């Protein structure tokens, strides 16, 4: 009976709800998971069910792959409530949220008040935030939104039933940045009462850079306007998390959203809503109708308990290193072809190399390069050609994917995101070169 050392790791978790510093062994992890699962009624031995929702499972494969967690999280009114029918799942939800909160502090935002995991995409998660704000601000019709050419967060505003006010970005050197004048101009033109919130974005593709959060946080605190931050994959960026921390300090940040897959290397499908006003975060929680999947929370729990805060820190560290490596490698490859690495110092995660030497009109070289890269099995390589027209839920974007009507050149994206390895870079550079050379002939 030295299972006391497992008991001890577990007792420590339940007591302080923080990430283990060093990862648990699978043995401890699975032991724990089973102790939880058997607390859910559907797994009770002496159990009869006479309800419509009893966690009955027809496939052994399904039961096993979810570690016998079938009931989901929350009750009918609360995606945060305890349900005597699934005591184990309820406890699971509480812990994983706590672990997440811990990581969010450790990642940069130490003054985060509260947060919760929600089994939706980042897009829908933002929508939930807008749906919640509507009730707090019934006269509001518009969301003010510093442009970013990513369909999910844009659509999120329309799905919620509000009208986006696209605030274009100001070009500074090579970087696209927040037009603080225009924002404050609009809030005045439309009037704060009519503004649902300011919807800013941190993580994004170069040449766009993380919005001027603190400046916006002030505009928001001043005019009493809610500030929601799309931090889709900014948790892995101490620069990004710092911005959030700061804006909340000198100003107002009502909620920030991040994606589970982009920040924690788990399957697509979950997100985190986080804030500094505890009461308001829970209002968003309460806005969710019915129970939700536990699958994303389970993945997060498993990943974090397995990595430990140390494991996570390591990854964050490697990410930075890979960023330099990638940047420096692109500078070199870039030279050999008379292109350059766009000067985007303020973007911690994403880089862009120019493609001015390829002409997209005579022959479709810039487009052609996109396909070649794909067929050569290079994912994430994002070619951005000049002058793309595109409609998204009625609104028409000029020069779409460039984040502004008329950017100087066509370029190509790459990023050091969490999990990336040197091989990723070397193979990229190796294959990008091969593609460029191919386009010459």
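Numbering follows the first chain given and starts at 1.
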property	result
Other entries lacking residue 77, at least a third	yes
Average Cα temperature factor in the PDB entry - higher stretch of 261-269, 185-193	185-193
71-79 or 120-128, whichever carries the higher mean Cα B-factor	71-79
Among 416, 28, 377, 59 - the residue whose C-alpha B-factor is largest in the record	377
Of the residues 356, 147, 199, 155, the one carrying the largest Cα B-factor as recorded	356
For residue 34, the third of its chain into which the C-alpha B factor falls	middle
Ranked against its chain, the third holding the CA B-factor of residue 333	highest
Residue 412 by Cα B-factor - lowest, middle or highest third of the modelled chain	middle
Residue 246 CA temperature factor, ranked by third within the chain	middle
B-factor third for the C-alpha atom of residue 277 within its chain	highest
